[PDB]
Amino acid sequence: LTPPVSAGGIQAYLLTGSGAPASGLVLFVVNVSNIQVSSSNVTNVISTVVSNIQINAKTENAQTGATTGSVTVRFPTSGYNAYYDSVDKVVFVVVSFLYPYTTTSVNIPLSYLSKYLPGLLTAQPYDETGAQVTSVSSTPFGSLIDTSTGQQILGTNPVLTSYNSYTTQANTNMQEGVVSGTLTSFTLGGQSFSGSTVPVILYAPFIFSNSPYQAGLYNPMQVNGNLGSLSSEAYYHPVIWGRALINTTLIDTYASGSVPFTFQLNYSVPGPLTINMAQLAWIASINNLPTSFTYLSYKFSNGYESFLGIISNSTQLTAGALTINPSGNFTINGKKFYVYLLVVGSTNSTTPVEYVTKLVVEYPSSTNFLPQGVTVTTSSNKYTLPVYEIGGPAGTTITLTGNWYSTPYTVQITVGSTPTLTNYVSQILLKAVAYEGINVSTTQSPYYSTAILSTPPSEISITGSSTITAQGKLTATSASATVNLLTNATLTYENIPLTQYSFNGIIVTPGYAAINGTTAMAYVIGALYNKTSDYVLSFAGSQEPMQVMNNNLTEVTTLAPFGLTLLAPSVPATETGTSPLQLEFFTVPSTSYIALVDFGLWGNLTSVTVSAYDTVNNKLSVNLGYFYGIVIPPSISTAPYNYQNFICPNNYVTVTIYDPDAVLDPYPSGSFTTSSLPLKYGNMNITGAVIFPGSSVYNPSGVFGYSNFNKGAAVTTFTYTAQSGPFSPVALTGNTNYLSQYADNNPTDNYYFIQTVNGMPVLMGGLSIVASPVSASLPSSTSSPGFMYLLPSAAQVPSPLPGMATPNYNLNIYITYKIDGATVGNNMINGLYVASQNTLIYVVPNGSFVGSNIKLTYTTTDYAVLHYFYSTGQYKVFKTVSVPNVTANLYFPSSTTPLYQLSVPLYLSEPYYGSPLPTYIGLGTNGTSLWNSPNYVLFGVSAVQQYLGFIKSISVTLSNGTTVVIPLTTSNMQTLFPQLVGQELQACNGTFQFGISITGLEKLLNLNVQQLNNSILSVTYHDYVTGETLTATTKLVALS
Ligand SMILES: *[C@@H]1O[C@H](CO)[C@@H](O[C@@H]2O[C@H](CO[C@H]3O[C@H](CO)[C@@H](O)[C@H](O)[C@@H]3O)[C@@H](O[C@H]3O[C@H](CO)[C@@H](O)[C@H](O)[C@@H]3O)[C@H](O[C@@H]3O[C@H](CS(=O)(=O)O)[C@@H](O[C@@H]4O[C@H](CO)[C@@H](O)[C@H](O)[C@H]4O)[C@H](O)[C@H]3O)[C@H]2NC(C)=O)[C@H](O)[C@H]1NC(C)=O
Ligand SMILES: *[C@@H]1O[C@H](CO)[C@@H](O[C@@H]2O[C@H](CO[C@H]3O[C@H](CO)[C@@H](O)[C@H](O)[C@@H]3O)[C@@H](O[C@H]3O[C@H](CO)[C@@H](O)[C@H](O)[C@@H]3O)[C@H](O[C@@H]3O[C@H](CS(=O)(=O)O)[C@@H](O[C@@H]4O[C@H](CO)[C@@H](O)[C@H](O)[C@H]4O)[C@H](O)[C@H]3O)[C@H]2NC(C)=O)[C@H](O)[C@H]1NC(C)=O
Ligand SMILES: *[C@@H]1O[C@H](CO)[C@@H](O[C@@H]2O[C@H](CO[C@H]3O[C@H](CO)[C@@H](O)[C@H](O)[C@@H]3O)[C@@H](O[C@H]3O[C@H](CO)[C@@H](O)[C@H](O)[C@@H]3O)[C@H](O[C@@H]3O[C@H](CS(=O)(=O)O)[C@@H](O[C@@H]4O[C@H](CO)[C@@H](O)[C@H](O)[C@H]4O)[C@H](O)[C@H]3O)[C@H]2NC(C)=O)[C@H](O)[C@H]1NC(C)=O
Ligand SMILES: *[C@@H]1O[C@H](CO)[C@@H](O[C@@H]2O[C@H](CO[C@H]3O[C@H](CO)[C@@H](O)[C@H](O)[C@@H]3O)[C@@H](O[C@H]3O[C@H](CO)[C@@H](O)[C@H](O)[C@@H]3O)[C@H](O[C@@H]3O[C@H](CS(=O)(=O)O)[C@@H](O)[C@H](O)[C@H]3O)[C@H]2NC(C)=O)[C@H](O)[C@H]1NC(C)=O
Ligand SMILES: *[C@@H]1O[C@H](CO)[C@@H](O[C@@H]2O[C@H](CO[C@H]3O[C@H](CO)[C@@H](O)[C@H](O)[C@@H]3O)[C@@H](O[C@H]3O[C@H](CO)[C@@H](O)[C@H](O)[C@@H]3O)[C@H](O[C@@H]3O[C@H](CS(=O)(=O)O)[C@@H](O)[C@H](O)[C@H]3O)[C@H]2NC(C)=O)[C@H](O)[C@H]1NC(C)=O
Ligand SMILES: *[C@@H]1O[C@H](CO)[C@@H](O[C@@H]2O[C@H](CO[C@H]3O[C@H](CO)[C@@H](O)[C@H](O)[C@@H]3O)[C@@H](O[C@H]3O[C@H](CO)[C@@H](O)[C@H](O)[C@@H]3O)[C@H](O[C@@H]3O[C@H](CS(=O)(=O)O)[C@@H](O)[C@H](O)[C@H]3O)[C@H]2NC(C)=O)[C@H](O)[C@H]1NC(C)=O
Ligand SMILES: *[C@@H]1O[C@H](CO)[C@@H](O[C@@H]2O[C@H](CO[C@H]3O[C@H](CO)[C@@H](O)[C@H](O)[C@@H]3O)[C@@H](O)[C@H](O[C@@H]3O[C@H](CS(=O)(=O)O)[C@@H](O)[C@H](O)[C@H]3O)[C@H]2NC(C)=O)[C@H](O)[C@H]1NC(C)=O
Ligand SMILES: *[C@@H]1O[C@H](CO)[C@@H](O[C@@H]2O[C@H](CO[C@H]3O[C@H](CO)[C@@H](O)[C@H](O)[C@@H]3O)[C@@H](O)[C@H](O[C@@H]3O[C@H](CS(=O)(=O)O)[C@@H](O)[C@H](O)[C@H]3O)[C@H]2NC(C)=O)[C@H](O)[C@H]1NC(C)=O
Ligand SMILES: *[C@@H]1O[C@H](CO)[C@@H](O[C@@H]2O[C@H](CO[C@H]3O[C@H](CO)[C@@H](O)[C@H](O)[C@@H]3O)[C@@H](O[C@H]3O[C@H](CO)[C@@H](O)[C@H](O)[C@@H]3O)[C@H](O)[C@H]2NC(C)=O)[C@H](O)[C@H]1NC(C)=O
Ligand SMILES: *[C@@H]1O[C@H](CO)[C@@H](O[C@@H]2O[C@H](CO[C@H]3O[C@H](CO)[C@@H](O)[C@H](O)[C@@H]3O)[C@@H](O)[C@H](O)[C@H]2NC(C)=O)[C@H](O)[C@H]1NC(C)=O
Ligand SMILES: *[C@@H]1O[C@H](CO)[C@@H](O[C@@H]2O[C@H](CO)[C@@H](O)[C@H](O)[C@H]2NC(C)=O)[C@H](O)[C@H]1NC(C)=O
């Protein structure tokens, strides 16, 4: 039992799961293990306990939590059912609250109940009245006594009426039922009883939860105070960036165990957008093409080429020695027409260049002028039509001859020198819809908690409405016309005779950078001029969206046709007309985020509505969830550093990068993957994205929701692993072809996620480092994605939601010289290194330390930031860390020093020599200074003997003004310095102490003991680290 029931306490549990007898059953238990019970007194103990139970029954509005009716009830003195189990030592009662068993009792098999009361398989329960029995019967709710009244609960009472009617009540009125119990405190057999149950929910509708989060979704990072102004409104206006997960909670009382949920997301922007569109192909009857023109086919991002489509009555097109066979045929009321599809390019070719897979031509019906359509097929009735190439060197001309009806026509193409691109630019009221699925489980029914993507890598349908308009001149024998569509696309008709058709039309594709040629839409418009009572020129047009895959341009669906009619009773006339027109583009999966940024549907003004479906039970949400879109630029900063940040092994410099758009998963160290499939939603099967938590990428099969669904072997598993070399880097391992299906929180690999087309990422984002004067860089040309395991910091305990991510990334930088030239196996320590999770180490030679520097550049990971801030440059940020110069010093303790004393200390000081104790500087030869530091270690590498300076000269200037310069030799030093080593005095304070010895100095000069030696002593030292030459002096004194 979860939760447990205390000594003499009361608790309640809902009967659920497989084999559960009916809905709306709750089990109450009181713990009676605290005393002995026997066949002699069992009737008295159950009677005593069940007398003291009180039950409270409520109805509520499921969104707001407002109470809408409440009753409180007590068991009668006879006619109830209550039991005792000897094995588990508990008294129990089952109450039935909901239809149909509100007034009548229901029977619960003892096999089932053993889940909660396992003792029941060991011995049969005691009944009331002391018997034992094999089966349990509910006490019905409609039998209990109203404590308000002292009588049986009324049949007319609103709570009982509601519970008896719950199916339509929950759906229509958003009603929820809630029940709880308590035991009025009493003493029995020398023990005492007291308590109150947890409440339980009997029924509730399928909704997004709206308390405390009023919108049904939330972003943890905004609820905690981390986004500035935006934290004022986190409970009713959630914001999220393009590729990340947003958290949500659903209430579901139909569910048991795990459930697949499918979701539908609708995107919208205030007011119309300006869209840029390129012409993929041009289709016309041979009468409508101009007599002479210049053309060369454009080549799109996916390799597809623009084509020119001629329709004619002739069984071939003829061009001298070359003849072209038709790609396909169609018939209209017994007349037969042929379609020729051509690419103008390099050389006349007899094999297919590429294909078009279904193609609808629309025409006005002869009877009624309503639209009708036919699909063009090959001469053996297969649907895929081939496209041919004609061409030659630039300025070569090709004449094609064909027929329209009875009349021969010639067209004269000149092979252009540069690709013909036609751009149309229009204003359209765009919107888009997308679909997504996840598998969710819970330990706290009926609450299902989960997170869903901001933008899924599914097919996404971008959709919008526009206008077509026609103008026309009609006459006794022929008619002439023009049409406009997509703001500035124009089509024209050569004069159409009475009873004859003519065709024209265009196929268009998005004119943006990465995605062009991957999706298209086709309009083919036929015209007919005929005499009735009135003269009628009629137009009919197809509308079909298409996609390119493996060089077939293929039909996705057909939308409805459209039609326009111009009517004249007068013989000569001019007329005009209009119709609505529709536009639809289906994205190919990898392109889906780029499309939404490019068209303008994703940005600071966008708003999204979400609905949800349970795939086990076939239910839809009775409310909708809401969220809003945001784009935020990066920023870089550093904590203030002096020279002290570079002395001893525990000192370092901290750089903080702020970039919320790099946090795709609200949990730090979290991971997920994604794949595309058909999903069940409503009563239909629709292409969508399925999210899998973890670090393995899958190629699934079947339809998500049904029992076909099978995710196969893991195609690739990504992991961060330790590696060889010094220190030990942690870096990403796994097949890089699949990074466009993996999400983490690391900016050194997050830039691939839904931003990779043709196998190359659109934005080379992340962190880049350069170092000087020892030239090094990361990433190097050979370096993989994920060269270090950089992750964001977690929100701490005073925050409302701890352990969740923060937009700050903290990077630690160390610069040092003490371990330069160390070796770790085969490795030589010099240059720039990654260490641990968030650490960089730079090791440089002694002579290059002051002035050494690192320059860090951070570029955004998200394509929306690159797009909206390209011009201003706010998508990159830079910082540089460098080692400052410091003032060293050498000094005898006092200006005057007495000759009486045998040794007079000379102290050297320079901050950058400091280390943990002990450390010492040795002297010898021509005054060479050697530094040793045995206790120094940095990430496992330990310090090496360094050569850091020299004593340059030592001199005495005597009382007659003569100056003596003492030559440094292996013999002279040992007298002047009796110990050849100077020790450091305290930890990390570089101040070394040496014993220049007067007793030695006398003998080394042979100068008269004191009588000559009212003199100035001098010493000088050069250090390589700073470059300074220090000097110190003292007047040697005695009575003179
Ligand atoms: C989408 O909308 C987002 C939310 O507003 C925008 O994010 C914000 O970006 C600002 C910088 O970019 C702005 O400036 C460029 C041109 O230079 C233009 O593209 C836009 O104008 C764009 O908004 C940045 O705001 C700062 O610059 C503003 C200049 O326009 C200025 O008005 C602000 O006052 C800021 O100086 C935001 O960065 C945050 O700014 C807030 C200030 S406030 O909340 O905006 O008032 C800081 O909060 C403050 O923190 C200090 C701590 O010391 C407190 O003392 C103080 O009480 C508190 O207000 C944040 O620290 C700072 O990060 C940035 N907002 C967020 C969410 O970080 C985004 O650019 C819009 N996108 C587009 C497409 O433009
Ligand atoms: C694809 O296949 C196409 C169909 O056969 C070829 O088209 C033909 O192109 C000819 C030019 O191609 C030649 O030159 C290029 C270099 O630019 C080479 O790469 C080719 O190998 C080839 O040698 C074109 O001829 C015209 O241009 C010539 C320039 O070299 C020159 O002879 C004349 O200036 C030509 O006008 C064909 O166009 C037709 O040519 C005939 C004559 S002929 O067939 O060339 O002998 C003309 O008839 C003449 O009309 C004049 C009117 O002034 C009369 O005075 C004369 O009595 C009469 O003969 C036609 O008017 C003219 O249209 C052209 N054929 C057609 C009809 O399309 C193409 O080369 C192939 N591409 C490749 C290289 O694969
Ligand atoms: C907002 O929504 C986020 C959805 O992305 C939620 O993130 C998920 O967080 C889980 C832990 O959160 C718990 O603790 C926080 C406090 O930090 C509480 O606020 C939460 O209420 C909750 O109690 C996290 O679960 C994992 O970590 C747990 C340790 O805390 C551990 O007990 C679990 O067993 C999990 O490992 C989710 O992280 C991922 O979890 C999946 C498994 S599952 O989704 O939990 O079932 C792991 O996948 C597995 O990986 C192993 C590899 O060992 C494979 O063998 C196995 O095949 C595969 O299933 C992931 O590796 C692991 O990262 C985390 N979900 C994701 C996808 O990141 C977040 O909590 C929500 N916020 C709130 C406030 O509720
Ligand atoms: C383009 O011309 C093609 C011929 O060059 C046409 O292909 C022939 O289509 C026949 C009729 O089917 C078509 O009905 C409409 C006509 O355009 C149109 O909606 C569709 O294109 C639709 O496919 C087709 O016959 C069908 O019915 C036969 C019953 O007699 C049956 O035997 C076939 O299996 C088929 O379903 C032709 O197939 C040929 O049928 C021959 C018998 S007969 O139809 O000549 O009486 C028989 O020898 C053999 O089965 C088969 O060769 C088919 N003809 C050829 C040569 O493949 C095509 O429809 C035109 N396209 C359009 C759209 O106009
Ligand atoms: C369809 O797909 C193609 C593939 O992605 C596009 O070709 C690439 O276009 C780049 C810029 O795109 C913009 O300008 C086009 C006109 O030049 C325009 O048609 C697009 O709609 C879009 O607005 C093009 O960059 C060139 O043009 C820039 C002017 O905007 C100019 O600044 C550049 O110097 C360059 O001349 C790509 O060429 C590539 O440029 C790379 C730098 S970047 O400009 O992309 O940042 C450079 O690293 C690379 O070496 C170079 O090749 C060009 N890419 C290729 C592979 O050719 C094509 O334009 C799209 N066409 C349509 C119908 O819009
Ligand atoms: C690093 O190590 C050095 C070891 O040589 C330290 O030098 C010693 O510093 C003492 C005072 O330091 C304090 O005041 C500084 C400003 O004056 C300040 O920058 C420091 O950060 C620190 O706050 C100095 O003591 C003098 O002042 C005392 C009162 O404050 C006075 O009591 C002493 O008699 C003296 O006047 C030391 O001076 C020498 O002291 C010898 C006695 S003892 O101090 O060892 O007990 C005495 O026999 C001698 O005659 C006198 O010269 C001084 N040591 C030396 C050899 O000069 C230094 O502060 C450390 N720096 C840091 C930043 O850690
Ligand atoms: C397109 O131009 C072609 C040229 O090849 C021409 O073909 C002619 O076909 C008719 C049959 O007409 C039937 O089909 C068409 C649709 O294909 C329908 O519109 C009609 O209602 C009919 O059902 C043949 O009668 C022609 O055969 C030729 O006759 C020539 C003399 S002619 O004076 O009769 O034209 C002879 O020289 C040829 O030997 C013989 O093959 C045929 N015409 C030609 C010259 O091949 C159609 O007229 C044109 N179709 C349309 C849509 O107008
Ligand atoms: C720290 O950096 C200083 C300055 O760059 C460097 O001084 C250079 O000293 C070498 C000799 O040092 C060698 O022996 C000692 C043993 O005492 C070892 O500890 C060292 O590891 C070395 O093996 C001298 O060769 C340099 O003097 C000048 O060299 C020039 C050429 S260079 O390429 O070697 O620099 C000549 O052209 C000049 O004529 C000559 O004066 C000296 N460098 C300079 C420019 O003064 C130390 O070795 C470094 N200390 C350590 C241990 O890193
Ligand atoms: C300042 O007073 C000093 C003490 O009297 C003198 O310098 C010392 O005297 C040493 C020897 O006497 C004379 O030699 C120097 C140099 O040759 C002469 O310039 C003066 O006449 C000195 O009095 C002297 O030793 C040096 O010279 C001798 C040879 O005479 C050599 O054997 C030695 O190797 C050495 O080169 C030194 O200059 C100094 N000795 C000591 C112990 O310090 C001198 O009177 C005057 N200084 C000078 C040199 O003018
Ligand atoms: C668009 O044209 C495509 C030609 O590359 C074609 O894809 C190939 O289909 C074959 C099996 O289909 C047969 O029929 C087609 C008729 O279009 C033939 O072109 C093809 O050679 C086959 O005989 C299959 O092996 C594979 O999916 C494709 N072949 C390659 C190159 O891998 C499509 O059938 C066509 N339209 C679509 C997508 O339906
Ligand atoms: C019910 O019956 C048993 C006797 O069958 C009671 O147990 C005795 O209680 C007394 C004091 O209450 C103890 O001193 C004895 O140890 C018990 N005797 C036996 C035979 O076990 C039990 O307490 C009774 N329960 C109630 C609530 O009356």
# chains A, B, ... in the order shown; residues from 1 in each chain; ligands from 1
call {"tool": "residues_around", "arguments": {"residues": "residue A:810", "least_positions_apart": "2", "cutoff": "7 Å", "atoms": "only C-alpha atoms", "output": "list in words"}}
result
residues 654, 655, 656, 657, 808 and 812 of chain A
call {"tool": "residues_near_ligand", "arguments": {"ligand": "ligand 10", "cutoff": "6 Å", "atoms": "only C-alpha atoms and all ligand atoms", "output": "NGL selection string"}}
result
:A and (355 or 357 or 384 or 550 or 552)
call {"tool": "closest_atom_pairs", "arguments": {"of": "chain A", "to": "ligand 5", "cutoff": "10 Å", "atoms": "only C-alpha atoms and all ligand atoms", "output": "JSON lines"}}
result
{"residue": "A:276", "atom": "CA", "partner": "ligand 5", "partner_atom_place_in_ligand_line": "21 (O)", "distance": 8.3}
{"residue": "A:277", "atom": "CA", "partner": "ligand 5", "partner_atom_place_in_ligand_line": "63 (C)", "distance": 7.9}
{"residue": "A:278", "atom": "CA", "partner": "ligand 5", "partner_atom_place_in_ligand_line": "63 (C)", "distance": 5.7}
{"residue": "A:279", "atom": "CA", "partner": "ligand 5", "partner_atom_place_in_ligand_line": "63 (C)", "distance": 8.4}
{"residue": "A:280", "atom": "CA", "partner": "ligand 5", "partner_atom_place_in_ligand_line": "63 (C)", "distance": 9.1}
{"residue": "A:298", "atom": "CA", "partner": "ligand 5", "partner_atom_place_in_ligand_line": "63 (C)", "distance": 8.3}
{"residue": "A:299", "atom": "CA", "partner": "ligand 5", "partner_atom_place_in_ligand_line": "1 (C)", "distance": 8.3}
{"residue": "A:300", "atom": "CA", "partner": "ligand 5", "partner_atom_place_in_ligand_line": "1 (C)", "distance": 5.5}
{"residue": "A:301", "atom": "CA", "partner": "ligand 5", "partner_atom_place_in_ligand_line": "2 (O)", "distance": 4.2}
{"residue": "A:302", "atom": "CA", "partner": "ligand 5", "partner_atom_place_in_ligand_line": "2 (O)", "distance": 8.0}
{"residue": "A:303", "atom": "CA", "partner": "ligand 5", "partner_atom_place_in_ligand_line": "2 (O)", "distance": 9.5}
{"residue": "A:421", "atom": "CA", "partner": "ligand 5", "partner_atom_place_in_ligand_line": "63 (C)", "distance": 7.0}
{"residue": "A:422", "atom": "CA", "partner": "ligand 5", "partner_atom_place_in_ligand_line": "63 (C)", "distance": 8.5}
{"residue": "A:423", "atom": "CA", "partner": "ligand 5", "partner_atom_place_in_ligand_line": "63 (C)", "distance": 7.9}
{"residue": "A:509", "atom": "CA", "partner": "ligand 5", "partner_atom_place_in_ligand_line": "63 (C)", "distance": 8.2}
{"residue": "A:510", "atom": "CA", "partner": "ligand 5", "partner_atom_place_in_ligand_line": "63 (C)", "distance": 7.4}
{"residue": "A:511", "atom": "CA", "partner": "ligand 5", "partner_atom_place_in_ligand_line": "64 (O)", "distance": 4.1}
{"residue": "A:512", "atom": "CA", "partner": "ligand 5", "partner_atom_place_in_ligand_line": "21 (O)", "distance": 4.2}
{"residue": "A:513", "atom": "CA", "partner": "ligand 5", "partner_atom_place_in_ligand_line": "5 (O)", "distance": 4.4}
{"residue": "A:514", "atom": "CA", "partner": "ligand 5", "partner_atom_place_in_ligand_line": "5 (O)", "distance": 4.0}
{"residue": "A:515", "atom": "CA", "partner": "ligand 5", "partner_atom_place_in_ligand_line": "2 (O)", "distance": 6.7}
{"residue": "A:516", "atom": "CA", "partner": "ligand 5", "partner_atom_place_in_ligand_line": "1 (C)", "distance": 4.9}
{"residue": "A:517", "atom": "CA", "partner": "ligand 5", "partner_atom_place_in_ligand_line": "1 (C)", "distance": 7.5}
{"residue": "A:518", "atom": "CA", "partner": "ligand 5", "partner_atom_place_in_ligand_line": "2 (O)", "distance": 9.9}
{"residue": "A:757", "atom": "CA", "partner": "ligand 5", "partner_atom_place_in_ligand_line": "5 (O)", "distance": 9.2}
{"residue": "A:758", "atom": "CA", "partner": "ligand 5", "partner_atom_place_in_ligand_line": "5 (O)", "distance": 9.6}
{"residue": "A:762", "atom": "CA", "partner": "ligand 5", "partner_atom_place_in_ligand_line": "5 (O)", "distance": 9.1}
{"residue": "A:763", "atom": "CA", "partner": "ligand 5", "partner_atom_place_in_ligand_line": "46 (O)", "distance": 9.6}
call {"tool": "closest_atom_pairs", "arguments": {"of": "stretch 612-726 of chain A", "to": "stretch 222-244 of chain A", "cutoff": "8 Å", "atoms": "only C-alpha atoms", "output": "JSON lines"}}
result
{"residue": "A:626", "atom": "CA", "partner": "A:238", "partner_atom": "CA", "distance": 7.8}
{"residue": "A:627", "atom": "CA", "partner": "A:238", "partner_atom": "CA", "distance": 5.3}
{"residue": "A:628", "atom": "CA", "partner": "A:239", "partner_atom": "CA", "distance": 4.9}
{"residue": "A:629", "atom": "CA", "partner": "A:240", "partner_atom": "CA", "distance": 5.4}
{"residue": "A:630", "atom": "CA", "partner": "A:241", "partner_atom": "CA", "distance": 5.3}
{"residue": "A:631", "atom": "CA", "partner": "A:241", "partner_atom": "CA", "distance": 6.2}
{"residue": "A:661", "atom": "CA", "partner": "A:241", "partner_atom": "CA", "distance": 6.1}
{"residue": "A:663", "atom": "CA", "partner": "A:244", "partner_atom": "CA", "distance": 7.0}
{"residue": "A:664", "atom": "CA", "partner": "A:244", "partner_atom": "CA", "distance": 4.1}
{"residue": "A:665", "atom": "CA", "partner": "A:244", "partner_atom": "CA", "distance": 6.2}
call {"tool": "residues_near_ligand", "arguments": {"ligand": "ligand 3", "cutoff": "7 Å", "atoms": "only C-alpha atoms and all ligand atoms", "output": "NGL selection string"}}
result
:A and (220 or 245-247 or 450-451 or 665-667 or 669-672 or 693-695 or 801-804)
call {"tool": "write_last_selection", "arguments": {"atoms": "C-alpha atoms", "output": "mmCIF file, in the first residue's frame"}}
result
data_model
loop_
_atom_site.group_PDB
_atom_site.id
_atom_site.type_symbol
_atom_site.label_atom_id
_atom_site.label_comp_id
_atom_site.auth_asym_id
_atom_site.auth_seq_id
_atom_site.Cartn_x
_atom_site.Cartn_y
_atom_site.Cartn_z
ATOM 1 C CA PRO A 220 11.155 26.578 -15.590
ATOM 2 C CA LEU A 245 11.160 21.549 -24.753
ATOM 3 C CA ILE A 246 8.328 23.278 -22.823
ATOM 4 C CA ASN A 247 6.788 21.521 -19.764
ATOM 5 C CA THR A 450 5.719 15.725 -19.735
ATOM 6 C CA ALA A 451 7.399 18.188 -22.107
ATOM 7 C CA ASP A 665 16.404 20.569 -22.398
ATOM 8 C CA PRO A 666 15.244 22.169 -19.047
ATOM 9 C CA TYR A 667 17.250 19.584 -17.095
ATOM 10 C CA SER A 669 22.863 16.930 -18.498
ATOM 11 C CA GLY A 670 19.558 15.869 -20.153
ATOM 12 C CA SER A 671 19.329 14.421 -23.668
ATOM 13 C CA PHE A 672 16.721 13.456 -26.298
ATOM 14 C CA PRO A 693 14.356 10.546 -24.255
ATOM 15 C CA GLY A 694 17.969 9.435 -23.873
ATOM 16 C CA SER A 695 20.937 9.210 -26.225
ATOM 17 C CA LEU A 801 11.907 24.930 -9.074
ATOM 18 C CA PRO A 802 15.416 23.742 -7.993
ATOM 19 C CA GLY A 803 17.824 21.618 -10.015
ATOM 20 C CA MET A 804 16.531 23.054 -13.332
#
call {"tool": "residues_around", "arguments": {"residues": "residue A:760", "least_positions_apart": "4", "cutoff": "10 Å", "atoms": "only C-alpha atoms", "output": "number ranges by chain"}}
result
A: 737, 740, 752, 755-756, 764
call {"tool": "closest_residue", "arguments": {"among": "A:781, A:54, A:707, A:846", "to": "ligand 8", "atoms": "only C-alpha atoms and all ligand atoms"}}
result
A:846
call {"tool": "closest_residue", "arguments": {"among": "A:360, A:26, A:483, A:524", "to": "residue A:283", "atoms": "only C-alpha atoms"}}
result
A:524
call {"tool": "residues_near_ligand", "arguments": {"ligand": "ligand 9", "cutoff": "10 Å", "atoms": "only C-alpha atoms and all ligand atoms", "output": "number ranges by chain"}}
result
A: 956-964, 1002-1009, 1011-1013
call {"tool": "write_last_selection", "arguments": {"atoms": "C-alpha atoms", "output": "CSV table (one decimal), in the first residue's frame"}}
result
chain,number,residue,atom,x,y,z
A,956,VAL,CA,82.0,47.4,-2.9
A,957,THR,CA,82.8,51.1,-3.3
A,958,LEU,CA,85.5,51.9,-0.7
A,959,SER,CA,86.2,55.0,1.4
A,960,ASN,CA,88.9,56.4,-1.0
A,961,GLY,CA,86.3,56.0,-3.9
A,962,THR,CA,87.9,52.9,-5.5
A,963,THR,CA,85.3,50.3,-6.6
A,964,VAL,CA,86.0,46.5,-6.4
A,1002,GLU,CA,86.2,40.4,4.3
A,1003,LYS,CA,88.4,37.4,3.3
A,1004,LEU,CA,87.3,37.4,-0.4
A,1005,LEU,CA,88.5,41.1,-0.7
A,1006,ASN,CA,91.5,40.7,1.7
A,1007,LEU,CA,90.6,44.3,2.7
A,1008,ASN,CA,91.7,45.5,6.2
A,1009,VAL,CA,89.3,44.2,8.9
A,1011,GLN,CA,89.5,50.3,9.2
A,1012,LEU,CA,89.0,50.9,5.5
A,1013,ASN,CA,85.5,49.7,5.2
call {"tool": "select_by_dssp", "arguments": {"residues": "stretch 556-676 of chain A", "states": "alpha helix (DSSP H)", "output": "PDB file with C-alpha atoms, in the first residue's frame"}}
result
ATOM      1  CA  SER A 592      11.310  22.418 -41.243  1.00  0.00           C
ATOM      2  CA  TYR A 593      12.888  24.880 -38.773  1.00  0.00           C
ATOM      3  CA  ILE A 594      14.609  26.933 -41.522  1.00  0.00           C
ATOM      4  CA  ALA A 595      11.276  27.396 -43.363  1.00  0.00           C
ATOM      5  CA  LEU A 596       9.523  28.873 -40.295  1.00  0.00           C
ATOM      6  CA  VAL A 597      12.323  31.418 -39.721  1.00  0.00           C
ATOM      7  CA  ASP A 598      12.598  32.364 -43.429  1.00  0.00           C
ATOM      8  CA  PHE A 599       8.867  32.973 -44.082  1.00  0.00           C
TER       9      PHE A 599
END
call {"tool": "closest_residue", "arguments": {"among": "A:414, A:783, A:685, A:989", "to": "ligand 6", "atoms": "only C-alpha atoms and all ligand atoms"}}
result
A:989
